[PDB]
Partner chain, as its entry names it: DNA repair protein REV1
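Next comes just one chain, in structure tokens: the form deposited without its partner chain.
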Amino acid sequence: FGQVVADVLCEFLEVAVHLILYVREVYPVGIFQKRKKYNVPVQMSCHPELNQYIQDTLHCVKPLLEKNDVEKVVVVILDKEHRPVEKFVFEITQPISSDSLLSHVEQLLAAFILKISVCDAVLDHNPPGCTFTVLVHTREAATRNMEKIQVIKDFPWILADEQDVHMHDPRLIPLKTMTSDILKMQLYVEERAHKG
């Protein structure tokens, strides 16, 4: 059960991240290809190392998703100096095996993708030179998690800095909320007052 919900979320978050990367021009347009998921046009990256990086990131998270130990998955955008400008927070909440209800929930997720696709319509451009990162917030205190989250040796995870997180102001900009009996997730952006 709770296992397949993870596969879904993992499948989702993977696309979201690729789209976010395009839409915020974190990488150039020429490495992306248009595909379709969630019966929608997306941009996925054809750079294998980048793809591998993301797959890896999300293989690791999968197992915590199953136990509903994850509270947030945040994509973070960092500038040249190395300070977080934007953040795509995906806040998760989870409450006996379905079928159509599963595809319903899955299709819905397209509402989100479509927000990300046009979000630029509401954010202010980033400065040239940005990179990203993914942070996972646990409901409980990162550490039982710590042994479990190293699913892929060679892809290790550490504990976050105050550096990595920190960012006053910022500005909150909602994007989508959804509620099912089995999954609730809200995606919004926090966005440094001065990107410069």
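Shifts are known only where both forms have a C-alpha. Take the two forms, find the largest set of C-alpha atoms that superpose within 1.5 Å, and that set is the rigid core. Numbering follows the first chain given and starts at 1.
One more form of this protein exists, namely the form deposited with its partner chain bound; it is left out here, but the text below deals with it.
Requested in this report: Find out whether any non-hydrogen atom of residue 118 is located within 4.5 angstroms of its partner chain in the entry with it bound, and reply yes or no.
Outcome: No.
Report task. Decide whether residue 175 counts as a contact residue for its partner chain in the entry with it bound under a heavy atom distance cut-off of 4.5 Å. Result -> Although its partner chain is absent here, residue 175 would touch it in the entry with it bound, with heavy atoms inside 4.5 Å.
**Report entry** Partner contacts in the entry with it bound for 175 to 193 (non-hydrogen atom within 4.5 angstroms of its partner chain)
**Finding:** Residues within 4.5 Å: 175, 176, 177, 186, 188, 190, 191.
Report task. Spell out which consecutive segments of 3+ residues have Cα shifts of at least 2 angstroms at every position between the shown form and the other one, with the rigid core used for superposition. Result -> After core superposition, the one displaced run is 96 to 99.
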